[PDB]
Amino acid sequence: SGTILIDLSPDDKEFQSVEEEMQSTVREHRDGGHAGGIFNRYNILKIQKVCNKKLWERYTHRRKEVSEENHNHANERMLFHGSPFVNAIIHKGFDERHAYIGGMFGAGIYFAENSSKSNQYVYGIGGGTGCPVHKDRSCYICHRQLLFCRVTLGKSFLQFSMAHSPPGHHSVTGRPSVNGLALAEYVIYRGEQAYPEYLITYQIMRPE
Ligand SMILES: CCOc1ccc(-c2nnc([C@H]3C[C@H](NC(=O)c4ccnc5cccnc45)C3)n2-c2ccccc2Cl)nc1
Ligand SMILES: [Zn+2]
């Protein structure tokens, strides 16, 4: 596949940086933990840098094209990704051909600035049936994986809660609505506009 995983030590500043972004961007969700479970913190078990030459070159090549179409601005963001396909993504890269046709922003790949938002998608849309072992969306036992990804948004089209980016645009930024979203969500329609830089193995922590 070409993918090498570098285990980061908890004493490493790079580990701590991803760890803090994970913990600090947790919010309380309107569904009261229906989808992602009830927690205010994670047990961070492992952070691995994903190294894949081919996937990196695919990303930077697309990033250059987006920059030239957006006044030499990539609009590059570090965003969380949750889906049941994390292990496929780190080996083969993101693939829009597996995108769900029925989502709020159509057939795109979803990212979030809130780890707890991406956590809701780890076991499927709306948390699916929960963890494969206990069928529990609030499972404190089973180990989850998120990706912390380099994402090229370029010219992002602002929408409330579609097959490709709107004409002239490179992504969609979903925005909070009183009758729609609660938190910012970002959608790309081309897999090569994201690199899965960090693989985070964690549990949601049972609150005291
Ligand atoms: C109401 C909330 O709606 C949402 C939220 C998140 C996503 C989403 N965002 N990204 C995805 C996954 C990541 C994409 N898959 C791959 O990049 C991929 C890459 C390589 N191999 C694969 C093999 C099987 C499936 N996917 C792959 C599709 N998904 C996704 C797609 C289908 C099913 C479940 C999810 Cl989480 N879609 C809709
Ligand atoms: Zn479980």
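One-based numbering along the sequence shown. The figures here come from the full heavy-atom set of this structure, side chains too, leaving out hydrogens, waters and symmetry mates.
- Here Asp7 contributes atom CG and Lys49 contributes atom NZ; the two are 14.0 Å apart, rounded to the nearest 0.5 Å.
- No side-chain donor from either of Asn43 and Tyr140 sits under 3.5 Å from a side-chain acceptor of the other.
- Taking 4.5 Å as the limit, every side-chain heavy atom of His81 sits out of range of all side-chain heavy atoms of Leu146.
- Under a hydrophobic-cluster definition in which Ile, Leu, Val, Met, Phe, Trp and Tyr are linked whenever side-chain heavy atoms come within less than 4.5 Å, directly or via other members, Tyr110 and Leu183 are assigned to different clusters.
- Among all heavy-atom pairs drawn from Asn40 and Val26, the shortest one is O-CG1, 3.8 Å.
- No donor-acceptor pair closer than 3.5 Å links the side chain of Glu185 to the backbone N or O of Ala112.
- Counting only N and O atoms by type, the side chains of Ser67 and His73 include no donor and acceptor under 3.5 Å apart.
- Rounding to the nearest 0.5 Å places CD of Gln159 at 10.0 Å from CG of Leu181.
- When all heavy atoms of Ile204 and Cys139 are compared, the closest pair comes out as CG1-O, 3.5 Å.
- Both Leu5 and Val86 belong to a common hydrophobic cluster when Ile, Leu, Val, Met, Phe, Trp and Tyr are linked at side-chain heavy-atom distances under 4.5 angstrom.
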Report task. Using the side chain to side chain donor-acceptor pair (under 3.5 Å) rule, take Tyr123 and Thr129 through it: C-alpha gap first, then chi angles, then the decisive distance, then the call. Result -> CA-CA 7 Å; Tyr123 293 129; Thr129 69; over 6 Å; no
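- Residues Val122 and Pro84 have side chains not in contact (no heavy-atom distance under 4.5 Å, counting atoms from C-beta outward).
- In the hydrophobic clustering of ILVMFWY residues, with side-chain heavy atoms under 4.5 Å counting as a link, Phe15 and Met78 come out together.
- Annotation: side chain of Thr152 is not in contact with side chain of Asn75 (no heavy-atom distance under 4.5 Å).
- Of all heavy-atom pairs spanning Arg58 and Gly93, the tightest one is NH1-CA, 4.4 Å.
- For the pair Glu192 and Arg63, the salt-bridge criterion is not met [side-chain N within less than 4.0 Å of a carboxylate O].
- Salt bridge present: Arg150 and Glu197 bring a charged side-chain N and a carboxylate O closer than 4.0 Å.
- Residues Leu79 and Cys149 form no side-chain contact, since every pair of their non-hydrogen atoms from C-beta on lies 4.5 Å or further apart.
- Proximity of a side-chain donor or acceptor of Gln16 to a complementary backbone N or O of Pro10 within less than 3.5 Å is detected.
- Within 6.0 Å of NZ on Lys46 lie no more than 12 heavy atoms contributed by other residues, nucleotides or ligands.
- Between the SG atom in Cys51 and the CD1 atom in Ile90 there is a gap of 12.0 Å [rounded to 0.5 Å].
- Looking at every heavy atom in both residues, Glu113 comes nearest to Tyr186 through OE1-OH, 3.2 Å.
- Using modelled atom types and a 3.5 Å distance limit, the side chains of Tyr198 and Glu14 yield a donor-acceptor pair.
- Under the 4.5 Å side-chain criterion, counting only non-hydrogen atoms from C-beta, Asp95 is not in contact with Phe85.
- Atoms OH and OG, on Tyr121 and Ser83 in that order, are 11.5 Å from each other to the nearest 0.5 Å.
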Requested in this report: Give the intermediate values and the outcome of side chain to side chain donor-acceptor pair (under 3.5 Å) for residues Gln145 and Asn87.
Outcome: CA-CA 9 Å; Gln145 294 181 312; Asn87 284 293; 3.1 Å; yes
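- In this structure a side-chain-to-backbone donor-acceptor pair under 3.5 Å is present from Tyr195 to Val50.
- For the pair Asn52 and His91, the minimum side-chain heavy-atom distance is 4.5 Å or more.
- For the residue pair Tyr59/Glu76, the side-chain donor-acceptor check at 3.5 Å is satisfied.
- Rounded to the nearest 0.5 angstrom, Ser115 OG and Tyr202 OH are separated by 7.5 Å.
- Remark: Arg206 fails to qualify as a cation-pi partner of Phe39 under the 6.0 Å distance and 45° angle criteria applied to the six-membered ring.
- By the 4.5 Å heavy-atom criterion applied to side chains, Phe94 and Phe111 are counted as neighbours.
- Each of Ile4, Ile200, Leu199, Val18 was checked for a side-chain contact (heavy atoms from CB on, under 4.5 Å) with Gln48, and the lone residue meeting it is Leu199.
- Of the candidates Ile109, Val66, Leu153, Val66 is the only one forming a side-chain contact (heavy atoms from CB on, under 4.5 Å) with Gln193.
- With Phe80 as the fixed residue, the side-chain contact (heavy atoms from CB on, under 4.5 Å) test singles out one of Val151, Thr25, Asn114: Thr25.
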Query raised in the report: Under the side chain to side chain donor-acceptor pair (under 3.5 Å) criterion, do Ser156 and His169 qualify, and how do the steps go?
Result: CA-CA 6 Å; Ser156 204; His169 295 76; over 6 Å; no
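- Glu19 and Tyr42 are not linked by any side-chain donor-acceptor pair at a separation below 3.5 angstrom, with hydrogens and angles left out of the test.
- If you run side-chain hydrogen bond (donor to acceptor under 3.5 Å, both in side chains) between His170 and each of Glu69, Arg62, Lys155, only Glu69 comes through.
- When all heavy atoms of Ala35 and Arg137 are compared, the closest pair comes out as O-CB, 3.4 Å.
- Taking 4.5 Å as the limit, every side-chain heavy atom of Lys117 sits out of range of all side-chain heavy atoms of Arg27.
- Considering every non-hydrogen atom in both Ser171 and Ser165, the closest pair reads N-OG, 3.5 Å.
- Not one N or O on the side chain of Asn70 forms a donor-acceptor pair closer than 3.5 Å with the backbone of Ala74.
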